[PDB]
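> Sharing a structure, written as C-alpha coordinates. Questions coming.
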Amino acid sequence: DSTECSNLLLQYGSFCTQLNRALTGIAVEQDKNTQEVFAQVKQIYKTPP
Amino acid sequence: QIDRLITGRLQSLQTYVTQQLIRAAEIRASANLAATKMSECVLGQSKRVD
(Lines give C-alpha, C1' and ligand atoms only; values in the text may rest on other atoms or scores of the structure.)
Protein backbone atom coordinates (compact mmCIF):
# COMPACT_ATOMS: atom_id res chain seq x y z
CA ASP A 1 0.00 0.00 0.00
CA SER A 2 2.76 2.44 -0.97
CA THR A 3 1.85 4.46 -4.04
CA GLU A 4 5.36 5.70 -4.74
CA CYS A 5 6.90 2.28 -4.25
CA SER A 6 4.43 0.99 -6.81
CA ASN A 7 5.19 3.77 -9.31
CA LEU A 8 8.88 2.91 -9.16
CA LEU A 9 8.18 -0.83 -9.25
CA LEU A 10 6.36 -0.52 -12.57
CA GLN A 11 9.60 0.67 -14.15
CA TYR A 12 11.25 -2.74 -13.69
CA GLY A 13 9.09 -4.62 -16.16
CA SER A 14 7.09 -7.80 -15.72
CA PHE A 15 9.13 -9.42 -12.93
CA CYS A 16 6.16 -9.42 -10.55
CA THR A 17 3.93 -11.21 -13.05
CA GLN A 18 6.53 -13.81 -13.92
CA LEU A 19 7.05 -14.66 -10.24
CA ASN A 20 3.33 -14.91 -9.54
CA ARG A 21 2.90 -17.20 -12.54
CA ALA A 22 5.66 -19.52 -11.36
CA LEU A 23 4.12 -19.90 -7.92
CA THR A 24 0.71 -20.56 -9.44
CA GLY A 25 2.27 -23.31 -11.52
CA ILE A 26 3.82 -25.15 -8.60
CA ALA A 27 0.61 -24.75 -6.60
CA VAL A 28 -1.48 -26.49 -9.27
CA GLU A 29 1.19 -29.14 -9.70
CA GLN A 30 0.74 -30.21 -6.09
CA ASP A 31 -2.93 -31.01 -6.68
CA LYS A 32 -1.90 -32.91 -9.78
CA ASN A 33 0.52 -35.05 -7.79
CA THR A 34 -2.07 -35.99 -5.19
CA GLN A 35 -4.60 -36.77 -7.91
CA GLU A 36 -2.25 -39.00 -9.86
CA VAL A 37 -0.94 -40.95 -6.88
CA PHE A 38 -4.24 -41.66 -5.17
CA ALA A 39 -7.07 -41.54 -7.74
CA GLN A 40 -6.06 -44.78 -9.43
CA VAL A 41 -9.42 -46.56 -8.97
CA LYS A 42 -12.72 -45.79 -10.70
CA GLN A 43 -15.19 -47.04 -8.07
CA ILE A 44 -15.39 -46.87 -4.30
CA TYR A 45 -15.67 -50.50 -3.26
CA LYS A 46 -17.24 -51.35 0.07
CA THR A 47 -15.98 -53.71 2.73
CA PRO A 48 -18.09 -56.88 3.07
CA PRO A 49 -19.72 -56.78 6.51
CA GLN B 1 22.27 5.68 -16.93
CA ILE B 2 23.87 3.08 -19.18
CA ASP B 3 25.09 1.16 -16.15
CA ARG B 4 21.52 1.09 -14.88
CA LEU B 5 20.15 -0.30 -18.13
CA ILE B 6 22.93 -2.88 -18.35
CA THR B 7 22.40 -4.23 -14.85
CA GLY B 8 18.65 -4.50 -15.46
CA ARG B 9 18.86 -6.27 -18.81
CA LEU B 10 21.57 -8.61 -17.57
CA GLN B 11 19.42 -9.70 -14.66
CA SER B 12 16.43 -10.34 -16.90
CA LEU B 13 18.58 -12.51 -19.14
CA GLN B 14 20.05 -14.52 -16.29
CA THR B 15 16.53 -15.18 -15.03
CA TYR B 16 15.49 -16.46 -18.44
CA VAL B 17 18.44 -18.84 -18.63
CA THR B 18 17.74 -20.24 -15.16
CA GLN B 19 14.15 -21.03 -16.08
CA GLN B 20 15.29 -22.70 -19.28
CA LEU B 21 17.66 -24.93 -17.35
CA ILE B 22 14.95 -26.09 -14.96
CA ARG B 23 12.47 -26.76 -17.75
CA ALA B 24 15.12 -28.65 -19.71
CA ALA B 25 15.77 -30.89 -16.71
CA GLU B 26 12.10 -31.78 -16.51
CA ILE B 27 11.99 -32.55 -20.24
CA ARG B 28 15.02 -34.80 -19.81
CA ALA B 29 13.15 -36.77 -17.17
CA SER B 30 10.22 -37.16 -19.55
CA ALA B 31 12.48 -38.32 -22.38
CA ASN B 32 14.04 -40.93 -20.12
CA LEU B 33 10.62 -42.32 -19.32
CA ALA B 34 9.74 -42.36 -23.02
CA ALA B 35 12.92 -44.29 -23.79
CA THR B 36 12.07 -46.87 -21.15
CA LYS B 37 8.55 -47.32 -22.51
CA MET B 38 9.84 -47.78 -26.05
CA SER B 39 12.45 -50.28 -24.90
CA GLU B 40 10.19 -52.41 -22.70
CA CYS B 41 6.75 -52.16 -24.34
CA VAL B 42 7.54 -52.00 -28.06
CA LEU B 43 10.67 -54.11 -28.44
CA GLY B 44 9.13 -56.76 -26.17
CA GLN B 45 6.21 -57.51 -23.81
CA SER B 46 6.14 -55.82 -20.41
CA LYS B 47 4.43 -57.73 -17.62
CA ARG B 48 4.33 -55.02 -14.94
CA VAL B 49 0.81 -53.75 -14.39
CA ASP B 50 -0.51 -50.37 -15.49
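Identifiers for the C-alpha coordinates are assigned positionally: chains receive A, B, ... in sequence, residues are indexed from 1 per chain, and ligands are indexed from 1 in the order shown.
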Per DSSP on the backbone, what are the helix (DSSP H, G or I) residues of chain A, as a ChimeraX atom specification?
/A:3-12,15-38
> Select, as a list in words, those residues of chain B with any atom no more than 12 Å from chain A (distances computed using only C-alpha atoms).
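Every residue of chain B that passes the 12 Å test is in residues 4, 5, 7, 8, 9, 11, 12, 13, 15, 16, 19, 22, 23 and 50 of chain B.
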> Using N, CA and C atoms, can you export the residues from the last selection as a CSV table (one decimal), in the first residue's frame?

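Output saved as part04.csv:
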chain,number,residue,atom,x,y,z
B,4,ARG,N,22.8,1.5,-15.4
B,4,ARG,CA,21.5,1.1,-14.9
B,4,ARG,C,20.8,0.2,-15.9
B,5,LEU,N,20.8,0.6,-17.1
B,5,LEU,CA,20.1,-0.3,-18.1
B,5,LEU,C,20.9,-1.6,-18.3
B,7,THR,N,22.7,-3.4,-16.0
B,7,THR,CA,22.4,-4.2,-14.9
B,7,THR,C,21.0,-4.8,-15.0
B,8,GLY,N,20.0,-4.0,-15.3
B,8,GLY,CA,18.7,-4.5,-15.5
B,8,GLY,C,18.5,-5.6,-16.5
B,9,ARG,N,19.0,-5.3,-17.7
B,9,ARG,CA,18.9,-6.3,-18.8
B,9,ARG,C,19.6,-7.6,-18.5
B,11,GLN,N,20.2,-8.9,-15.6
B,11,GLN,CA,19.4,-9.7,-14.7
B,11,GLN,C,18.3,-10.4,-15.3
B,12,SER,N,17.6,-9.7,-16.2
B,12,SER,CA,16.4,-10.3,-16.9
B,12,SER,C,16.9,-11.5,-17.7
B,13,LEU,N,18.1,-11.4,-18.3
B,13,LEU,CA,18.6,-12.5,-19.1
B,13,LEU,C,19.0,-13.7,-18.3
B,15,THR,N,17.8,-14.5,-15.5
B,15,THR,CA,16.5,-15.2,-15.0
B,15,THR,C,16.0,-16.1,-16.1
B,16,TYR,N,16.0,-15.6,-17.3
B,16,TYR,CA,15.5,-16.5,-18.4
B,16,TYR,C,16.3,-17.8,-18.5
B,19,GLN,N,15.4,-20.3,-15.8
B,19,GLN,CA,14.2,-21.0,-16.1
B,19,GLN,C,14.3,-22.1,-17.2
B,22,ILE,N,15.9,-25.3,-15.7
B,22,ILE,CA,14.9,-26.1,-15.0
B,22,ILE,C,14.0,-26.8,-15.9
B,23,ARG,N,13.4,-26.1,-16.8
B,23,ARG,CA,12.5,-26.8,-17.7
B,23,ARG,C,13.2,-27.9,-18.5
B,50,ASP,N,-0.2,-51.8,-15.4
B,50,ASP,CA,-0.5,-50.4,-15.5
B,50,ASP,C,0.7,-49.5,-15.9
